[PDB]
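Every number in this text was worked out from the coordinates using simple rules, so none of it is lab data. Neighbour counts are summed over all protein chains in view; Cβ atoms, including those assigned to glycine, are modelled from backbone coordinates with ideal geometry.
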Ligand SMILES: Nc1nc2c(ncn2[C@@H]2O[C@H](COP(=O)(O)OP(=O)(O)OP(=O)(O)O)[C@@H](O)[C@H]2O)c(=O)[nH]1
Ligand SMILES: Nc1ncnc2c1ncn2[C@@H]1O[C@H](COP(=O)(O)OP(=O)(O)CP(=O)(O)O)[C@@H](O)[C@H]1O
Ligand SMILES: Nc1nc2c(ncn2[C@@H]2O[C@H](COP(=O)(O)OP(=O)(O)O)[C@@H](O)[C@H]2O)c(=O)[nH]1
Ligand SMILES: [Ca+2]
Ligand SMILES: [Ca+2]
Ligand SMILES: [Ca+2]
Ligand SMILES: [Mg+2]
Ligand SMILES: [Mg+2]
Ligand SMILES: [Mg+2]
């Protein structure tokens, strides 16, 4: 039961008790966002082609 | 999030008219378009189905379509006939003769562009259109043949919008002509491809409910449309009133449709009481009847298949706590009838505003694999005639070939087998 | 003084945000118009509450917050709410149609079209900061916006604010209030994409909050309002050290230092006590030992799980009210000799304690009774992996049949992203295994 | 209508339990992967405790205590008795044991073995996780586990001069009440105990498998080498002039309480979101001084053929019906 690092202020206090010792770049993100948009556009064009038949 | 409503053919316009009569009463709208309600819950989502024109009047966002003026004349002279926008009456004169080819390929093709002009005008005024709902039968010619032609062209012009239908399925017990299985089979394939949600309303089930349960000795079409009107009000409650679950057409589809083609729902309603009507129901009674086959509108036995998804909507002032435990009671008591590979597939919603004439009601929306019994029934009736090419000349006379019938037959058999795949998995 | 910006995404994020900022104003004595009588420096400040509030020349204290939702119905409630004067229009961002409980719709389809607007509005608040230290992001796991758009924002925040810390307050899905069957899909998808971009994340299971509201508050059918006022108490006790004078968890960096030794294991468990129904006219005021003991009762945890069958990597005790260190030490000593508190070997068995003398503030007319002392325990225990197991199991059931997958592929997402996300969660569960067993 | 699932098909005890539940008309068995159950008869290994207690409107009960493995494994039991102050390393009813890894206590086991050789005391030890030897070298070489003192002077049942161990069944319910089954059994050896030749482990190991495979007199003095309590109580009265209750059962009830109370704070489901119960199998040995020793605890025991019906019905009444309503037990108060 060792109490360490006791800091006291008017608002309260804090301390520690011890009981025992022991990213994608902007380009890579834009690439993935536009790839998904192209797959959406491709699926929509195939539907319009199917409806044109 | 506006919905554009379309009603096509005799059945679609007669059922569509009753639907607008019922929900206009619930939202406090009179036949002149004026509001006379006592709660703001009636107006909070009124714009989903109504346009507000000048003078603080509400005009339904509804388009009335037919190849014959007869039924739509009756609508214009009906109770709420004056509430409909006069320009939204689009009709021809020749009729469709209960012929899918006439609705889809010849007579209907001549009229469809004028309907799409009205659809376009109603859509241009929507702040953010979310989709369309169509009411029609599958056994006739205009609603079935021209309705599915309409759905195809609407999808082409609005590919990113939700398409929802209330589709009345024919039955030899309530039949007008012998070609209804032909018309139903041709249009079911259209619905498989071009709608996101379809409420399967079987006229046999409506007849049996009117006769066996409601004790109506001689059911009329008006009696059948009473049930449909009450069912349509229930299944659209979550769209018309404030709520958290299935509040729009796309979230409903996401919750109800685990596979794109399997979007054919069994609707149900409770209470269904013969005329007693004054007896108050309890939440356990509402929940038991709502899941009972005798309250289903598709004439399929749910115990012959499994539930993929279920939407439940309780209306009225009731114990929300007791609602939750009764819903859990149903699932935990008969858990073999729900697929285990979709956890928590039963979603419940509660609305405080009850339907007219009732203090409490429950509406059932189920995506059950037992709906394959409906498509199998139509398929047997189709094959019994098509095997002898009987009555085909009505269709080949309009330019169709036998091959298109063979393909429609194979498509609906494929759909039946697709339901069989997920009933055992 | 270093500022913090709060971001609220989706319905859950926005509604919880409105409950927290209401509570912050009550705690700091900020009137609904934005005035703060106890603030003698008008038009500017350099003290602790200025980390969450900017100041106008007219003395208005403005939250450093941005609200974003793809549907305007929830944010419009903020525009007309009690604290409408606090926010200016640039802080509130709405779309026309939502993500429809679809991660791919929120991340790819709608996220791509609105991500630049959100970042621009965040840049405006960031440009008002003298030394911005990072972001607190409130969102749900199950919603299409809360899951899909949040992961896109966290990516762009790591890009545009590489040195800043990012903390999450995340709502784990519970079928008792859940609005979608695909919420397990969205939860795992957004955890896979956000994991590398979040330094510390506090998960809140709606199931746990639901039952605490039923048992401790005697609410038969808890609403989002009941849940959010309770969640706001927890979040307030977690952020209190950033908004008040003190020495524990004084900046966002110390949250990772004190609670997250291993970067991927950054989901501390929160436990709060006491929760007393305001409908009770009188209640026996619990002692320091009694509220500290309740921190090890699973019925008080934000995620129902069993810390006895895991291992602790860190443990913080955050007290509010009439508490002195002597009673805390005596409470901890007696608890060690009655409970299973096993730490990993490469960490010291101990507790970091923070005490704020001001008792917790309750919303007047709320469900929570004012108490003389309260505590929130933040413990990084491997037992929280039980929540990942439940979630991954539900994912496996639906995905084995590809149920609902077409909704995601239809928005441009590849089906392989499902498998990448599930494999990442599988590695995550293994990490908790080799640390806690 | 309560619901339950079965996830351990090779369990003879709970196969009868589930059969009894179905025979009440108020229980329905679901598919093993259906989560909407009231009762789980779970698998032995890797029971998913973390998925229990998360089903709205379902009180969920499981037939295993998470964490009870600390008591039902040889190595963990020795660690538990040494480390826990409630049991302590000076525990008198448990044989001197040491955990040997092939932390490791190989230097302490030799320190005690050398201490025994210094005093010319009985230096026979047994290893298991089996080799009985009088030299520490032969034991450590065989491992490359736990080595404990072999009871060189056990109580020998006459006629036969033979060895025996006592199996006690214990049921702990969701309230952590400890119920001791009134009907125990004695797995007797049918071969005379022989202090010479400890490798002939037919008279030295009372396992029903070994006695049914190598013992010549298997089924002579008692069927299946299983003597019930009534006959054994009569023997102690005729031979030793005492009763089973005084000479043995008091020590048995004492050991069961000490073991289960020691782990109660670690495994109790008192305020947990799901409830647990579990059937245990305690194995005891008796020496010639009528002192009882604890051998091991089994987490998934199998009953005796005669008692397979009484105990399983007792499990339904005490552990299952107490949670889901529709004495053969000795309640050990604590
Ligand atoms: N605790 C709490 N949970 C909420 C709240 N609102 C929604 N949720 C939960 O969040 C999940 C749904 O996510 P939402 O935030 O509503 O959805 P969204 O982020 O707006 O995304 P979309 O509506 O699909 O565009 C469900 O599990 C709800 O139970 C809230 O106010 N408080
Ligand atoms: N320390 C000891 N002294 C004397 N005999 C012992 C002993 N340890 C074990 N034995 C004998 O060896 C037998 C088996 O011991 P062990 O503890 O390995 O049981 P086990 O796990 O092999 C089968 P079970 O599941 O029935 O307990 C005991 O029945 C006992 O007769
Ligand atoms: N439920 C119901 N079904 C109808 C109604 N009118 C016609 N039907 C059914 O619809 C089919 C006939 O199609 P119909 O709509 O009359 O022809 P259409 O004008 O060409 O679309 C048959 O199956 C009839 O049983 C009605 O008012 N209510
Ligand atoms: Ca013509
Ligand atoms: Ca100031
Ligand atoms: Ca980073
Ligand atoms: Mg007709
Ligand atoms: Mg939303
Ligand atoms: Mg054993």
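A few remarks follow.
- Here r is the Cβ-Cβ distance between residue D:26 and residue A:2 and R0 is 56 Å; the resulting FRET efficiency, rounded to 0.05, is 0.45.
- Sites residue D:199 and residue D:137, calculated FRET efficiency, Cβ-Cβ separation with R0 22 Å, nearest 0.05: 0.90
- Centre-to-centre, using Cα atoms only, chain A and the stretch B:259-312 are separated by 43 Å.
- Distance between the 7 Å Cα→Cβ label points at residue D:124 and residue B:380: 8.1 nm.
- Separation of the residue B:157 and residue D:287 label points, Cα + 7 Å toward Cβ, nm: 9.9
- Order of B:403, B:169, B:163 - criterion: other Cβ atoms within 10 Å of each residue's Cβ, fewest first: B:403, B:163, B:169
- Here the extension length gained between residue C:26 and residue C:289 equals 91.9 nm, from 0.36 nm per residue of separation less the Cα-Cα distance.
- Springs join every pair of Cα atoms under 10 Å in this Gaussian network model of chain C, and among C:333, C:374, C:19 the largest mean-square fluctuation is at C:333.
- For the protein assembly as shown: rounded, prolate or oblate by the Cα gyration tensor [a/c cutoff 1.5]: oblate
- Panel order for B:307, C:357, by other beta carbons found within 10 Å of each beta carbon, from fewest to most: C:357, B:307.
- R0 of 35 Å, Cβ-Cβ distance residue B:223-residue B:403: FRET efficiency to nearest 0.05: 0.30
- Extension gain for residue C:262 to residue C:128 (0.36 nm times residue separation, less C-alpha to C-alpha distance): 44.9 nm.
- Footprinting exposure proxy for D:1, B:296 (fewest neighbouring C-beta atoms within 10 Å first): D:1, B:296
- Separation of the residue C:76 and residue D:114 label points, Cα + 7 Å toward Cβ, nm: 8.7
- What separates the Cα centres of the stretch D:86-130 and the stretch D:17-56 is a distance of 42 Å.
- C-alpha center-to-center spacing [the stretch B:58-136, the stretch C:97-129] in angstrom: 40
- For peptide B:329-336, the mean count of partner chain Cβ atoms within 10 Å of a residue's Cβ comes to 5.
- Computed helical MRE - 222 nm, the protein assembly as shown, DSSP H runs ≥ 4 contributing -39500 (n - 2.57), nearest 500: -11000 deg cm²/dmol
- Gyration tensor (alpha-carbon) shape descriptor, the stretch D:1-63, a/c threshold 1.5: oblate
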